[PDB]
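The structure appears right after this line, and notes come after that.
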Amino acid sequence: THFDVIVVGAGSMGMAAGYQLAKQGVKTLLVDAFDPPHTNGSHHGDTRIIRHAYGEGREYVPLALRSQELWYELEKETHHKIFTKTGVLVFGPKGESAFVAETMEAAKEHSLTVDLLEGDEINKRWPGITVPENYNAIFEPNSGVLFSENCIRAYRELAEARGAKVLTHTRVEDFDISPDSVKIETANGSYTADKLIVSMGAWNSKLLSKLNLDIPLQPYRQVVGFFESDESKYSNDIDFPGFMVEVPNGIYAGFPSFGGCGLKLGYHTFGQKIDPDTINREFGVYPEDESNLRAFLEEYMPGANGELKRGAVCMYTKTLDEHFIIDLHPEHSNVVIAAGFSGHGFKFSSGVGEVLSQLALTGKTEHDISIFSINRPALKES
Ligand SMILES: *Cc1cc2c(cc1C)nc1c(=O)[nH]c(=O)nc-1n2C[C@H](O)[C@H](O)[C@H](O)COP(=O)(O)OP(=O)(O)OC[C@H]1O[C@@H](n2cnc3c(N)ncnc32)[C@H](O)[C@@H]1O
Ligand SMILES: [Cl-]
Ligand code: NA
């Protein structure tokens, strides 16, 4: 059967696209290598931060705010848990964090509700945090934490109820694009449609070449660990925040303990360069997996440095500028590309789904997506 739209990669971005398309009666096929949500891509490890005041650049704020509303809509539509409003704390040494400074500028430019704190005010407000006196902070009370695997699962179940079809455990191997249709090849058969969305996460870095694109898209191995913690300090129940912070040796991001699961941490600015089909997915096979996390905890969050309860291994896919790619294919207006989310895309996946549906159906979007152009110079090596 010929579909209206085919989505290749039914993960964070593709499943949201599928939901958006199905809700409008568009006959959609989604094809995934696995059965999402799963532990082989970029969406597992339970939780994701959503921030509105945005240290990567104030121009992300409108998409973050739209995405936040879309997450509240999803919460109301499903029985799965979507969002909890932890707030997000950002801190770093005063005068020495571009990330903190841009977060602060973004909040001012968009009139976001934030608290500004410094030094011992941080340690007093949130027992369990120990920063130096020369640190400053911005705290965003109304952002928080998404349950990412639940988000994809809910979008899948809602899309399928409206007639979207999901073909699981099926790798797309090649493409054939014509002026008025698209075709995909798999070991389980070939499929056609009017429009294609390409959203294969870390595998975009290997398979966009089949669409005559050569864009730097390096996959990275990124681990997270959950640690036995002082629940009187680090529980969501006592208002411990989500956080993303800059210190001299890089950026870390973490989560309060939910229901006793332990504080979760990741080192965001370091990971191993990998290939998505040979990555070692076991936490702890490199000493740095656990040691880089405890180096942070023992200094800044010392009561959250107990036994390792759980570890996960997940992938980032970076562009050279660490901004996303969301655009039509430059040679094929019936092909939409979502790639290069550079370790910070999940929070936008609801809004991106809307963008991708608009691009597929109309060739345009009401959102300003200029900074995500596939033709920008900053994507290309010298
Ligand atoms: C790994 C990670 C990411 C991350 C994070 C922490 C970790 C450890 N913390 C974040 C946070 O707190 N807040 C946030 O906003 N983002 C954060 N991220 C990044 C975010 O998770 C990613 O940017 C995002 O998940 C990327 O989504 P995308 O949709 O691009 O990738 P995916 O969910 O892995 O989905 C891709 C799908 O494609 C399928 N696939 C692959 N190859 C094929 C072929 N050949 N054919 C068909 N399907 C294919 C995959 O199976 C997958 O389902
Ligand atoms: Cl990513
Ligand atoms: Na984040």
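Positions are given from 1, in the same order as the sequence printed here. As the structure lists them, so they are numbered: ligands from 1, and atoms in each ligand from 1. Excluded from the calculations below are hydrogen atoms, water molecules and symmetry mates; all remaining heavy atoms, backbone and side chain alike, are included.
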Just list the N/O pairs, ligand 1 to protein, that are under 3.5 Å apart, with the distance for each.
residue	atom	partner	partner atom	Å
ligand 1	12 (O)	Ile49	N	2.8
ligand 1	13 (N)	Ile49	O	3.0
ligand 1	15 (O)	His344	O	3.4
ligand 1	15 (O)	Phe346	N	3.0
ligand 1	15 (O)	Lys347	N	2.9
ligand 1	15 (O)	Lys347	NZ	2.8
ligand 1	16 (N)	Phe346	N	3.2
ligand 1	18 (N)	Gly343	O	3.4
ligand 1	21 (O)	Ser42	O	2.8
ligand 1	21 (O)	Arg48	NE	3.0
ligand 1	23 (O)	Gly345	N	3.2
ligand 1	25 (O)	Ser12	OG	2.8
ligand 1	25 (O)	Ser42	O	3.2
ligand 1	27 (O)	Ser12	OG	3.2
ligand 1	29 (O)	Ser12	N	3.2
ligand 1	29 (O)	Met13	N	3.0
ligand 1	33 (O)	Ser12	N	3.0
ligand 1	33 (O)	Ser12	OG	2.7
ligand 1	33 (O)	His43	ND1	2.9
ligand 1	34 (O)	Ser42	N	2.9
ligand 1	45 (N)	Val172	O	3.0
ligand 1	46 (N)	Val172	N	3.0
ligand 1	48 (N)	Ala33	N	3.2
ligand 1	51 (O)	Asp32	OD2	2.8
ligand 1	51 (O)	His38	NE2	3.2
ligand 1	53 (O)	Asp32	OD1	2.6
ligand 1	53 (O)	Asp32	OD2	3.2
ligand 1	53 (O)	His38	NE2	2.9

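When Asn375, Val336, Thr365 are each tested for a side chain to side chain contact (heavy atoms under 4.5 Å, CB included) with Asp327, only one passes: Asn375.
Residues forming a side chain to side chain contact (heavy atoms under 4.5 Å, CB included) with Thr269 (at least two apart in sequence, or on another chain): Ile251, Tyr267.
Scanning all heavy atoms of the two residues, the minimum distance from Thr170 to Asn188 falls at OG1-OD1, 2.9 Å.
For the pair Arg171 and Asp277, the salt-bridge criterion is met [side-chain N within less than 4.0 Å of a carboxylate O].
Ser232 and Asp230 are linked by a side-chain donor-acceptor pair at a separation below 3.5 angstrom, with hydrogens and angles left out of the test.
The aromatic ring centroids of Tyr54 and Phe348 lie less than 6.0 Å from each other.
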